[PDB]
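Letter by letter, the chains look like this.
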Amino acid sequence: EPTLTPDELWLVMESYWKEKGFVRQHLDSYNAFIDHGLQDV
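Residues numbered from 1 in each chain as written, not as in the entry; some residues may be left out. Part of a larger assembly, values for the part shown. Heavy atoms only, no water.

Listed as the method for this PDB entry is cryo-EM; the listed resolution is 3.9 Å.

Going by the annotation in the PDB entry, the name recorded for the protein is DNA-directed RNA polymerase subunit beta, with Thermococcus kodakarensis given as the source organism.

Here it is in structure tokens:
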């Protein structure tokens, strides 16, 4: 079978950055500080 191509793998990786953004590390971790950060101190 024509295994995939080097062209269908573009479309899989294209959906990775239009679902979740590029600034993930700041935004996602800070979101947990508002929910579960303040109550534990």
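Peer 1: Please clarify how the overall build of the protein should be interpreted in this entry.
Peer 2: A count of helices and strands for the protein gives two helices and zero strands. For the protein, the residues scored as buried account for 2% of the 41 residues in total. Here the protein has roughly 4400 Å² of accessible surface; of this, 61% comes from carbon and sulfur atoms. (Helix = DSSP H or I, 4+ residues; strand = E, 2+ residues; numbered from the N terminus. Buried < 20%, exposed > 50% of the residue type's maximum accessible area, 1.4 Å probe, protein only. Areas by Shrake-Rupley, 256 points an atom, 1.4 Å probe, with all protein chains shown as cover.)

Peer 1: So what exactly am I meant to see when it comes to the pattern of salt bridges here?
Peer 2: Where side chains of opposite charge bring their charged atoms close, a pairing between them can arise. Under the definition given, this model contains one salt bridge. Of the charged contacts, one joins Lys 18 and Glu 14 as a salt bridge, the two residues approaching to 3.8 Å between their closest N and O atoms. A residue is classified by how much of its surface remains accessible, and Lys 18, at 62% relative accessible area, is exposed. (Salt bridge = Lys/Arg side-chain N within 4 Å of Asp/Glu carboxyl O.)

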